[PDB]
Amino acid sequence: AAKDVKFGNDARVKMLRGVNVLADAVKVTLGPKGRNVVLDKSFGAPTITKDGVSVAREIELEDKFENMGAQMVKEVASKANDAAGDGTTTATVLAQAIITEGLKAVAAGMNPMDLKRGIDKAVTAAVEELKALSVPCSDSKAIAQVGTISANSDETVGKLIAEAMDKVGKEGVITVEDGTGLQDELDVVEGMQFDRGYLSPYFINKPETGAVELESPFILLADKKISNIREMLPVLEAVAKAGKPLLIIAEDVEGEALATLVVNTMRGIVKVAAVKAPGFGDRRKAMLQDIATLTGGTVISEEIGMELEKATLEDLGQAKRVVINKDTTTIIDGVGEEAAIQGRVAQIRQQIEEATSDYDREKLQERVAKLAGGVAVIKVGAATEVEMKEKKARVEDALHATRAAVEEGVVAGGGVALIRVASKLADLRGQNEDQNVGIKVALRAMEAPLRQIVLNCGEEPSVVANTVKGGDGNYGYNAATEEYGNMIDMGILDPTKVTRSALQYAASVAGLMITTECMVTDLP
Amino acid sequence: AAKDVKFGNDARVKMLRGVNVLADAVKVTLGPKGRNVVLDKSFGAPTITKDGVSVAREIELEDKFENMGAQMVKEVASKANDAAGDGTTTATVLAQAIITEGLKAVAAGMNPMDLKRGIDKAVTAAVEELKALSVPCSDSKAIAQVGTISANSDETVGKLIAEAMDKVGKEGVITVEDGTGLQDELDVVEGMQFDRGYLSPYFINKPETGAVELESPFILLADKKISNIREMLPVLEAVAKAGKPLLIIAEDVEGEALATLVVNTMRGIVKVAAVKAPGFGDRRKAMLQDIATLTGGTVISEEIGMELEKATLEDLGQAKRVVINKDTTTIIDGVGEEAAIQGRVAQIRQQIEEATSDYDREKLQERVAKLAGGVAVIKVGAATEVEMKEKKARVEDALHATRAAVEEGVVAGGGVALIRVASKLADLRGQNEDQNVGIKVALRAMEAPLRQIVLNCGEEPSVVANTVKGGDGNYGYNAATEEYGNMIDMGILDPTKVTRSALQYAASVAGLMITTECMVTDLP
Amino acid sequence: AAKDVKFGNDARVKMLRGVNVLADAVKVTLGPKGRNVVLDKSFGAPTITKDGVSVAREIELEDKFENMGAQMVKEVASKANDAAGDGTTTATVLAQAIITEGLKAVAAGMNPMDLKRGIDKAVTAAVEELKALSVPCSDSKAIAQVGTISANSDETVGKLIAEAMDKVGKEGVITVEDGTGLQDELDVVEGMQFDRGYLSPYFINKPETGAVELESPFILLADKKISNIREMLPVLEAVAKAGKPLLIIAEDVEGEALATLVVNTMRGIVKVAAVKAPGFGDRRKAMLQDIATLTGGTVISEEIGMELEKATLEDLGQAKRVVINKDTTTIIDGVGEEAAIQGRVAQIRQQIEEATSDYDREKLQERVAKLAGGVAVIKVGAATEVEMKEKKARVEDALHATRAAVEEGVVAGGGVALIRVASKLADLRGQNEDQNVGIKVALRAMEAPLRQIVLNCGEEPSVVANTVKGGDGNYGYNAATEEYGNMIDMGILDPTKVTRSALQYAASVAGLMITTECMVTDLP
Amino acid sequence: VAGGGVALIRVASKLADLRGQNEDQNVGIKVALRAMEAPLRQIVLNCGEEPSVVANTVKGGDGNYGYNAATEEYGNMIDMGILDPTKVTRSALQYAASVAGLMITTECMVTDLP
Ligand SMILES: NCc1ccc(S(=O)(=O)Nc2ccc(-c3nc4cc(NS(=O)(=O)c5ccc(Cl)s5)ccc4o3)cc2)cc1
Ligand SMILES: NCc1ccc(S(=O)(=O)Nc2ccc(-c3nc4cc(NS(=O)(=O)c5ccc(Cl)s5)ccc4o3)cc2)cc1
């Protein structure tokens, strides 16, 4: 296929056009008073959304160079959201600002590598300042407070989140499932969660939020790397006859008779999901055996001669539900026997006591934690159905916010933290002049979120930015109530993880954007 | 007429294109290894020149806005040559470089006024450094050395210049005229010079150097403003029947009936020039009476009732030769009586000794100096006419260079003083960031002369610039012979006045042209 | 007017196209087998010629920049013909070849100044080789042989030339004029010649060779510069009533009221030409007084108070005929008295014998030689008028060739001396690589004349060039009869002056043309 | 051998006196020598500095003295740890020469029309 190649200024201006289109699409949905974006679905009536990621998903330009310029920003900005729970729009706005300023500097003719180094230095210093400004949130009162604030000031959601955290532990696994009535329920069911996302994104279930759920699935434990379909056929027929979902944790499902075929051909015949075996080597085998004990299944290992051709439905495991997202995978509640699971935990604890190096100690401690800890499940309930679904949505939003807060603390939101750290990092200087200009670019681009929020509200960005910068500490501006004060007290806060991740990822996007020299793409 | 108006960056880019065209045309002649420029002439064979002044004069562009830029740069750059005798090309190159960098910065979104202030501050500091670095040239031996250096190591020219300066004084009047044989001549004759240029540029005589010469002219002195042609017609007829040239020294010539008629109607029938009387008020009358005494004429004044129509040839003054240029008029050798001039000088000295204020003493003393100083005229001799004219041109160039040197000392030539003062000001700072950007712009375009000179030589400008900046003092790179060392020792030197004037005028052009926002012109 | 400016390779290619057009037009007439060139004339039938001078004169191109290239080549090439009497086509061919190769080398990325220096060094070495290779022509027999060779082996022309040079001296003045019958005549008459050409090219008389002739003219001698037409009006009326031509010898004629009027207004009513007086200073006055003594006129001088308006026909001088060309004016036969001329010559010889310096002795001796040498005039006789004019043209061409030969000897013709000196310099080296490339460019274009001559004959230029280079000394190739041998014996020879002048002028054109960077011209 | 293109610049500097039979061979030698400076010039340009000054400074040195593009410092490249096997440089030089020789002496080019 013939390629189209561009160098120098043309490549950078095409990239800038793409990033500008994407940012102008997503920046208008930022802030408590964001505008609306009319997303179009060819089926019927259009979709009105104030959500940033929903808008960013559809954006795909015509021109190939601009399309790539938008795609890189969208990709490396989605990491902030899927690693912190929010910040896609903030990361995109920061990336747009840094990219446009750096590209103008490069067009002015200054060493791009020095600019990238200066931007990285400024971002590192800003991250340190954000760590300095964080307000710790570990007590149950603070946990409940953040839970309420995230879920539109609903005390019941905060109470439920606090109860779940004190039951399963601050580092434990919490999942919110459906409910049966007005009352909400909480229970610690036995389960585990390992960080292996879906193989193919087309495995996505009905939820469009990058999630897959399988009610009463089948767990197949193939420790070896599976590539052929013929020895799958007995298990496929058994699972089809049973009708329950089928989840295959395995060493790796390759681009062979599996994966590719399972995506399209099994798209709507038997519901399935694909995840890799957690760990590697002996760790992978141990994970396989623990999952077999948990889900009541048997490990089909070729090392002792057992062959996936003969895999009875009894060898298959099953649980109440399994949730597979982009990176993690949780088993809610398997059908394993509590006595057998307890015995396995006991023997692994013995292995802990007779461990040799600290590495073995910590890995086996993780084993016993995942085994014995279990999974706490919140059963959100309400009066009507729609009330139920809306409250459930509020619940997982609050859960993600609370997890981020208890991880890295909480800082004033609404873009005030970035403006504060940018104001305090005024004396930062680099070796050469280009590094200094890069520091200036990063510092000025840290003001984009607050300015865009104020502009979305319809006020004058400059006056509000000056007033907020003139203050100190957590003093900022409430875009909702158009008043000034300590953003923490008045209920406008943000987890430190979200802001730090957004800033760092935007810096990475800008660094990769500025130092580019050539783009190769297929011609129209 | 309907106008065409442009705002913002459109005017900036048109301006930049015009200045780029003019500077690209001019700067290729810079340095001892300057290239050739072919200028079209409709009379036949083209003219091949290495003179930047002619190339700048011939430049005129089609597009009106680019023509604005070129004309403004040309007009303000020619002032450096007029004031110092050299430095048009250097001023043009400096202006182009500062202007390009400033326009790029302005397009990058910086306050133009702060940029202009920073450029002005940097230029002022560089001027102070240049004044600190200059080597004085006061003794006769240094004067002769500078004359020889400016005259391509011709010891005879330096000896002649030194003798003339010793005879007439360092601030006296020295004129170069045609000799009558092989041996050179030097003598002092009665005359005076006042800083009043020609009224109309269309008065230019045979020489292309911007000067006029009248051989044995008649001098008319009228303290009254003259605007209609009726009152001096008998004087014009008398001077026409005489056949000798006529010079107008009036209070002012208004373009109602004189300037138009004298310029257009008179285009070969006679040879007439008009200049304004020096000074104003009673000082103007004193100057006119002194001129009349020196030239043997009489003052036509309305106060005494003397009327122009009755002025005869007796009232007209006579001189051997008069030279008028852009901003200076000199009388070489009048026909006045020695006794009358001496008596008037004694009377003015008596007025000096009975003066009562410093201002009166200063003006009367400079009047006496002008009257009694005389004019030292140099006659150039050679074997044949062609070498005669070449030596005359060399002598006048060396005289201008020596006058500048004795006025303000000498520095290292070849655009090395500018790079020295640029190196010495690496730590300059301004009020804010924009002033710092302006200072950096200023101390990055002062290397343009040396880089252009090296580029004309075919070498690598960056290597030579780094090597020169590595050294200290007058150490530089001799472009003529491709070697390093002390310029003052090799005989490469420029007067401090020419470098300072070029830098200041280029800074003025850049300041006026960066802060330009709107441009108005006639339609194409 | 709005100008059009081109930089870099654009000017180079436009200039190359113009030079290529002119050289392709001219070079096809080179050699004894030159082709024909048809020049259109609006009066009727076209003109078919084999003369390169006419073709070069008629060439003018549409595009302005190509016109620059052609005009500069034509200008600097015609100087060779003016100085030596022949060699315009050879200079044009050499210039075209050197310029083509040099522009190719420059486009290959080489320092143009180094290329120019190498070309100049190679040309200097070749000039030394040519001076070493020349065969002297001093004795009368050699003079006659060269005259016959230049006059198509006409022994009568050679005998006449030898007799003329014997009678008047090798450095005397010889003129060819019309005879009165069949037998040729030769006599010595009083006259003088000074190197002052016509002031305006529009003074050209009937002949197309660039000269003017006045039959029994009147000579006006005015040491004063003339710029207006009033004061010699009575002289003009007197000369118009007389009806004989009038010749102007003044210090300088300015284009204010004479040159414009004398050229445009005078276009057939009278016949007048104007030339500058020889010398400058007191030497100019001596020249004028000698001319007045020789022609019987009187000097109109302002120093003695003599004024032009009172100059009668008695003051005017008279001669039999005067010839003026581009850079020489000669008086053939004045009407001055023999006794007065002899007395003045004796007085000047007395001044010589009482002279005190070498310069004075030299100038006075050349004055005496000019005054007392006389002019030897040759009258051409033939059976009919047409053969008469053809023989006169042959005689003047042979006279020019013989003068060049006796000035600087003779070498082998047919462009073989150039190939000899090119072969002898195969081991020339420069300072750096670019200078060596310059040498190679120079010593590859000196074969262009011989290759073009052979190509015009229809043979193979490479074979003949190799065969000639294989020989040594004066051995060469005869294009007329297609044979080899010592061409000095075979009757093909050229004066060393014409070859040296063509080489040097072509080198000058190439040097000015390689180092050209910017070009300015009016819009189309 | 010293890496970072310093070995090629060093051998090109050493081979200044190389000469051929005719003039075209000499020009080919000059072309090859000038081309062996491309790696260092391109590396310096990628770093953002001025290629000419660094190239002149490295060529003026001797032995393994070169330019460390990572730390923007001069000295012995072997000691700082900027190394390159002789095979990697020799094979690249020879193969580039082969491509240039095959592509210079080409005269005709036949391909299917668009
Ligand atoms: N060492 C290479 C080199 C080359 C040339 C020169 S030069 O002095 O000849 N010319 C020159 C040209 C442009 C600049 C420049 N500074 C910029 C800054 C920003 N950041 S920004 O947040 O909008 C912003 C910052 C401050 C504001 Cl006010 S707005 C964006 C674009 C900029 O362009 C600077 C200098 C100097 C140095
Ligand atoms: N025997 C055939 C023949 C034909 C014509 C003539 S000719 O003397 O009439 N004209 C003529 C024209 C071009 C060249 C020439 N030398 C070159 C060299 C380089 N190498 S390069 O590393 O860039 C480089 C080397 C030095 C630099 Cl400085 S840059 C690249 C292009 C070059 O073009 C030479 C001569 C002479 C000989």
# chains A, B, ... in the order shown; residues from 1 in each chain; ligands from 1
>>> residues_around(residues="residue 30 of chain D", least_positions_apart="3", cutoff="12 Å", atoms="only C-alpha atoms", output="count of residues only")
19
>>> calpha_fit_rmsd(fixed="chain A", moving="chain B")
0.4 Å
>>> residues_around(residues="residue 31 of chain B", least_positions_apart="4", cutoff="10 Å", atoms="only C-alpha atoms", output="MDAnalysis selection string")
chainID B and resid 27 35 50 89:90 414:415 449:450 452:457 479:480
>>> write_last_selection(atoms="N, CA, C and O atoms", output="PDB file, in the first residue's frame")
ATOM      1  N   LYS B  27      22.317  42.952   1.383  1.00  0.00           N
ATOM      2  CA  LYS B  27      23.303  42.343   2.270  1.00  0.00           C
ATOM      3  C   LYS B  27      24.323  41.465   1.556  1.00  0.00           C
ATOM      4  O   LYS B  27      25.338  41.115   2.167  1.00  0.00           O
ATOM      5  N   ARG B  35      29.531  39.928  -2.932  1.00  0.00           N
ATOM      6  CA  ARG B  35      29.168  39.487  -4.269  1.00  0.00           C
ATOM      7  C   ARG B  35      28.788  40.689  -5.135  1.00  0.00           C
ATOM      8  O   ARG B  35      28.811  41.842  -4.698  1.00  0.00           O
ATOM      9  N   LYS B  50      29.253  46.554  -6.321  1.00  0.00           N
ATOM     10  CA  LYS B  50      29.346  45.950  -4.998  1.00  0.00           C
ATOM     11  C   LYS B  50      29.019  46.959  -3.904  1.00  0.00           C
ATOM     12  O   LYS B  50      29.395  46.760  -2.745  1.00  0.00           O
ATOM     13  N   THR B  89      24.523  49.398   4.893  1.00  0.00           N
ATOM     14  CA  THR B  89      24.316  47.959   4.781  1.00  0.00           C
ATOM     15  C   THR B  89      24.230  47.302   6.153  1.00  0.00           C
ATOM     16  O   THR B  89      23.381  46.432   6.383  1.00  0.00           O
ATOM     17  N   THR B  90      25.110  47.700   7.076  1.00  0.00           N
ATOM     18  CA  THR B  90      25.073  47.145   8.425  1.00  0.00           C
ATOM     19  C   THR B  90      23.753  47.468   9.114  1.00  0.00           C
ATOM     20  O   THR B  90      23.147  46.601   9.756  1.00  0.00           O
ATOM     21  N   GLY B 414      34.833  44.817  10.795  1.00  0.00           N
ATOM     22  CA  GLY B 414      34.313  43.537  10.354  1.00  0.00           C
ATOM     23  C   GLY B 414      33.139  43.024  11.155  1.00  0.00           C
ATOM     24  O   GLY B 414      32.899  41.813  11.182  1.00  0.00           O
ATOM     25  N   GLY B 415      32.396  43.912  11.807  1.00  0.00           N
ATOM     26  CA  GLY B 415      31.266  43.486  12.620  1.00  0.00           C
ATOM     27  C   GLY B 415      31.664  42.643  13.811  1.00  0.00           C
ATOM     28  O   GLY B 415      30.971  41.673  14.143  1.00  0.00           O
ATOM     29  N   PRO B 449      25.733  40.971  11.221  1.00  0.00           N
ATOM     30  CA  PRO B 449      26.770  41.472  10.297  1.00  0.00           C
ATOM     31  C   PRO B 449      27.934  40.514  10.112  1.00  0.00           C
ATOM     32  O   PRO B 449      28.331  40.241   8.971  1.00  0.00           O
ATOM     33  N   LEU B 450      28.496  39.988  11.204  1.00  0.00           N
ATOM     34  CA  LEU B 450      29.636  39.086  11.080  1.00  0.00           C
ATOM     35  C   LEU B 450      29.248  37.789  10.381  1.00  0.00           C
ATOM     36  O   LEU B 450      30.004  37.278   9.547  1.00  0.00           O
ATOM     37  N   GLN B 452      26.838  37.335   8.182  1.00  0.00           N
ATOM     38  CA  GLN B 452      26.663  37.627   6.762  1.00  0.00           C
ATOM     39  C   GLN B 452      28.007  37.817   6.067  1.00  0.00           C
ATOM     40  O   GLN B 452      28.200  37.353   4.936  1.00  0.00           O
ATOM     41  N   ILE B 453      28.946  38.498   6.727  1.00  0.00           N
ATOM     42  CA  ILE B 453      30.270  38.702   6.144  1.00  0.00           C
ATOM     43  C   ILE B 453      30.962  37.365   5.914  1.00  0.00           C
ATOM     44  O   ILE B 453      31.553  37.130   4.853  1.00  0.00           O
ATOM     45  N   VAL B 454      30.892  36.467   6.898  1.00  0.00           N
ATOM     46  CA  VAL B 454      31.517  35.155   6.754  1.00  0.00           C
ATOM     47  C   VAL B 454      30.810  34.335   5.681  1.00  0.00           C
ATOM     48  O   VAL B 454      31.453  33.611   4.911  1.00  0.00           O
ATOM     49  N   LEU B 455      29.480  34.439   5.606  1.00  0.00           N
ATOM     50  CA  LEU B 455      28.731  33.703   4.594  1.00  0.00           C
ATOM     51  C   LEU B 455      29.102  34.163   3.191  1.00  0.00           C
ATOM     52  O   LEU B 455      29.193  33.348   2.265  1.00  0.00           O
ATOM     53  N   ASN B 456      29.317  35.469   3.013  1.00  0.00           N
ATOM     54  CA  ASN B 456      29.769  35.969   1.718  1.00  0.00           C
ATOM     55  C   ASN B 456      31.133  35.397   1.354  1.00  0.00           C
ATOM     56  O   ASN B 456      31.406  35.118   0.181  1.00  0.00           O
ATOM     57  N   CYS B 457      32.005  35.216   2.349  1.00  0.00           N
ATOM     58  CA  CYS B 457      33.313  34.619   2.113  1.00  0.00           C
ATOM     59  C   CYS B 457      33.235  33.135   1.778  1.00  0.00           C
ATOM     60  O   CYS B 457      34.243  32.563   1.347  1.00  0.00           O
ATOM     61  N   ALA B 479      38.286  38.544   7.660  1.00  0.00           N
ATOM     62  CA  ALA B 479      37.629  37.896   6.530  1.00  0.00           C
ATOM     63  C   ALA B 479      38.449  38.010   5.251  1.00  0.00           C
ATOM     64  O   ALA B 479      38.349  37.142   4.375  1.00  0.00           O
ATOM     65  N   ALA B 480      39.254  39.067   5.119  1.00  0.00           N
ATOM     66  CA  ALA B 480      40.019  39.268   3.893  1.00  0.00           C
ATOM     67  C   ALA B 480      41.062  38.174   3.694  1.00  0.00           C
ATOM     68  O   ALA B 480      41.211  37.647   2.585  1.00  0.00           O
TER      69      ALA B 480
END
>>> select_by_dssp(residues="segment 3-236 of chain C", states="strand (DSSP E)", output="ChimeraX atom specification")
/C:3-7,37-39,47-49,173-178,185-189,192-194,212-215,218-222
>>> residues_near_ligand(ligand="ligand 1", cutoff="7 Å", atoms="only C-alpha atoms and all ligand atoms", output="number ranges by chain")
A: 101-102, 104-105, 108-111, 433-434, 437, 440-441, 444; B: 101-102, 104-105, 108-111, 433-434, 437-438, 440-441, 444
>>> residues_around(residues="residue 279 of chain A", least_positions_apart="4", cutoff="10 Å", atoms="only C-alpha atoms", output="JSON list (two decimals) with N, CA and C atoms, in the first residue's frame")
[["chain", "number", "residue", "atom", "x", "y", "z"],
["A", 194, "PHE", "N", -8.07, -10.27, 39.82],
["A", 194, "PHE", "CA", -6.74, -10.15, 39.27],
["A", 194, "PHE", "C", -6.74, -9.17, 38.10],
["A", 195, "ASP", "N", -5.58, -8.58, 37.84],
["A", 195, "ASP", "CA", -5.45, -7.48, 36.88],
["A", 195, "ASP", "C", -5.09, -8.03, 35.50],
["A", 196, "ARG", "N", -6.08, -8.68, 34.88],
["A", 196, "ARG", "CA", -5.97, -9.16, 33.50],
["A", 196, "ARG", "C", -7.26, -8.77, 32.78],
["A", 251, "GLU", "N", -3.37, -19.28, 29.87],
["A", 251, "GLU", "CA", -2.05, -18.68, 29.72],
["A", 251, "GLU", "C", -2.07, -17.58, 28.66],
["A", 283, "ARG", "N", 4.11, -18.58, 39.29],
["A", 283, "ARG", "CA", 3.06, -17.69, 39.77],
["A", 283, "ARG", "C", 1.76, -17.93, 39.01],
["A", 284, "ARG", "N", 1.86, -18.07, 37.68],
["A", 284, "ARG", "CA", 0.68, -18.32, 36.87],
["A", 284, "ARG", "C", 0.03, -19.66, 37.23],
["A", 285, "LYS", "N", 0.84, -20.70, 37.43],
["A", 285, "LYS", "CA", 0.29, -21.99, 37.82],
["A", 285, "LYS", "C", -0.40, -21.91, 39.18],
["A", 286, "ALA", "N", 0.21, -21.20, 40.13],
["A", 286, "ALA", "CA", -0.39, -21.03, 41.44],
["A", 286, "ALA", "C", -1.72, -20.28, 41.35],
["A", 287, "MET", "N", -1.76, -19.21, 40.55],
["A", 287, "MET", "CA", -3.01, -18.48, 40.34],
["A", 287, "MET", "C", -4.07, -19.40, 39.76],
["A", 288, "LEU", "N", -3.68, -20.23, 38.79],
["A", 288, "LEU", "CA", -4.61, -21.18, 38.19],
["A", 288, "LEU", "C", -5.19, -22.11, 39.24]]
>>> select_by_dssp(residues="segment 303-495 of chain A", states="helix (DSSP H, G or I)", output="PyMOL selection string")
chain A and resi 303-304+338-353+358-373+385-408+416-424+433-445+448-457+461-470
>>> residues_around(residues="segment 423-425 of chain C", least_positions_apart="2", cutoff="9 Å", atoms="only C-alpha atoms", output="VMD selection string")
chain C and resid 122 125 to 126 129 418 to 421 427 to 428 443 469
>>> write_last_selection(atoms="N, CA and C atoms", output="CSV table (one decimal), in the first residue's frame")
chain,number,residue,atom,x,y,z
C,122,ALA,N,44.7,30.8,-13.6
C,122,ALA,CA,44.9,30.1,-14.8
C,122,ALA,C,45.0,31.0,-16.0
C,125,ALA,N,48.5,32.6,-15.9
C,125,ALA,CA,49.6,31.7,-16.4
C,125,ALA,C,49.5,31.5,-17.9
C,126,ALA,N,48.3,31.4,-18.4
C,126,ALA,CA,48.2,31.2,-19.9
C,126,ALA,C,48.7,32.4,-20.6
C,129,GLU,N,52.3,32.1,-20.8
C,129,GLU,CA,52.7,31.1,-21.8
C,129,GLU,C,52.6,31.7,-23.2
C,418,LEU,N,45.7,28.9,-28.1
C,418,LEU,CA,45.0,28.7,-26.8
C,418,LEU,C,45.0,27.2,-26.4
C,419,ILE,N,44.9,26.3,-27.3
C,419,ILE,CA,45.0,24.9,-27.0
C,419,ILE,C,46.4,24.5,-26.6
C,420,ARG,N,47.4,25.1,-27.2
C,420,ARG,CA,48.8,24.9,-26.8
C,420,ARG,C,49.0,25.3,-25.4
C,421,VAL,N,48.6,26.5,-25.1
C,421,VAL,CA,48.9,27.0,-23.7
C,421,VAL,C,48.0,26.2,-22.7
C,427,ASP,N,49.5,20.9,-15.2
C,427,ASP,CA,49.9,20.6,-13.9
C,427,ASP,C,49.7,21.9,-13.0
C,428,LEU,N,48.8,22.8,-13.3
C,428,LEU,CA,48.6,23.9,-12.4
C,428,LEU,C,47.7,23.5,-11.3
C,443,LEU,N,41.0,25.8,-18.0
C,443,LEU,CA,41.7,25.0,-19.0
C,443,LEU,C,40.9,23.8,-19.5
C,469,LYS,N,46.4,18.4,-29.9
C,469,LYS,CA,47.1,18.3,-28.6
C,469,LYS,C,48.2,17.3,-28.6
>>> closest_residue(among="D:101, D:51, D:3, D:28", to="ligand 2", atoms="only C-alpha atoms and all ligand atoms")
D:28
>>> interface_residues(of="chain B", to="chain D", cutoff="12 Å", atoms="only C-alpha atoms", output="ChimeraX atom specification")
/B:459-467
>>> residues_around(residues="residue 124 of chain C", least_positions_apart="3", cutoff="12 Å", atoms="only C-alpha atoms", output="number ranges by chain")
C: 117-121, 127-131, 421-422, 425, 428, 439, 442-443, 500-501, 503-505, 507-508
>>> closest_residue(among="C:359, C:218, C:203, C:484", to="chain B", atoms="only C-alpha atoms")
C:359
>>> atom_distance(atom1="atom CA of residue 149 of chain A", atom2="atom CA of residue 186 of chain A")
21.2 Å
>>> closest_residue(among="D:6, D:31, D:108, D:1", to="ligand 2", atoms="only C-alpha atoms and all ligand atoms")
D:31
>>> residues_around(residues="segment 168-181 of chain A", least_positions_apart="4", cutoff="6 Å", atoms="only C-alpha atoms", output="list in words")
residues 375, 376, 377, 378, 379, 380 and 381 of chain A
>>> interface_residues(of="chain B", to="chain C", cutoff="7 Å", atoms="only C-alpha atoms", output="PyMOL selection string")
chain B and resi 25+35-40+45-46+59-62+180-181+268-269+385+458
>>> write_last_selection(atoms="N, CA and C atoms", output="tab-separated table (two decimals), in the first residue's frame")
chain	number	residue	atom	x	y	z
B	25	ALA	N	18.50	41.85	-1.19
B	25	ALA	CA	19.20	42.55	-2.27
B	25	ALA	C	20.47	43.22	-1.76
B	35	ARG	N	29.53	39.93	-2.93
B	35	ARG	CA	29.17	39.49	-4.27
B	35	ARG	C	28.79	40.69	-5.14
B	36	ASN	N	28.43	40.41	-6.38
B	36	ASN	CA	28.05	41.44	-7.33
B	36	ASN	C	26.53	41.50	-7.47
B	37	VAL	N	26.03	42.71	-7.74
B	37	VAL	CA	24.62	42.94	-7.98
B	37	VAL	C	24.48	43.65	-9.32
B	38	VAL	N	23.61	43.12	-10.18
B	38	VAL	CA	23.41	43.65	-11.53
B	38	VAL	C	22.16	44.51	-11.52
B	39	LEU	N	22.32	45.80	-11.77
B	39	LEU	CA	21.22	46.76	-11.79
B	39	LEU	C	20.88	47.10	-13.24
B	40	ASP	N	19.61	46.99	-13.59
B	40	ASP	CA	19.19	47.27	-14.96
B	40	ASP	C	19.18	48.77	-15.23
B	45	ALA	N	24.10	48.71	-21.53
B	45	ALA	CA	24.67	47.64	-20.73
B	45	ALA	C	24.33	47.84	-19.25
B	46	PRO	N	24.08	46.76	-18.51
B	46	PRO	CA	23.76	46.89	-17.09
B	46	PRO	C	24.96	47.35	-16.28
B	59	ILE	N	16.04	49.95	-5.24
B	59	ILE	CA	15.01	48.98	-4.87
B	59	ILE	C	13.65	49.68	-4.78
B	60	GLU	N	12.66	49.11	-5.47
B	60	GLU	CA	11.27	49.53	-5.35
B	60	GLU	C	10.40	48.35	-5.78
B	61	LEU	N	9.38	48.05	-4.99
B	61	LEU	CA	8.60	46.83	-5.16
B	61	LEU	C	7.23	47.13	-5.75
B	62	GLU	N	6.62	46.08	-6.32
B	62	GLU	CA	5.31	46.21	-6.95
B	62	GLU	C	4.22	46.36	-5.90
B	180	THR	N	45.67	70.12	-10.50
B	180	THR	CA	46.09	70.62	-11.80
B	180	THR	C	47.31	69.88	-12.36
B	181	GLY	N	47.68	68.75	-11.78
B	181	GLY	CA	48.83	68.02	-12.27
B	181	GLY	C	49.12	66.73	-11.52
B	268	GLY	N	18.20	73.11	-17.25
B	268	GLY	CA	19.32	73.15	-18.18
B	268	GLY	C	19.64	74.52	-18.74
B	269	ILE	N	18.65	75.42	-18.73
B	269	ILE	CA	18.88	76.78	-19.22
B	269	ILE	C	19.91	77.48	-18.34
B	385	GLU	N	44.08	61.03	-15.73
B	385	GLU	CA	42.79	61.47	-15.20
B	385	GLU	C	42.06	60.36	-14.46
B	458	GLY	N	32.08	32.50	1.96
B	458	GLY	CA	31.92	31.09	1.68
B	458	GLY	C	32.27	30.16	2.81
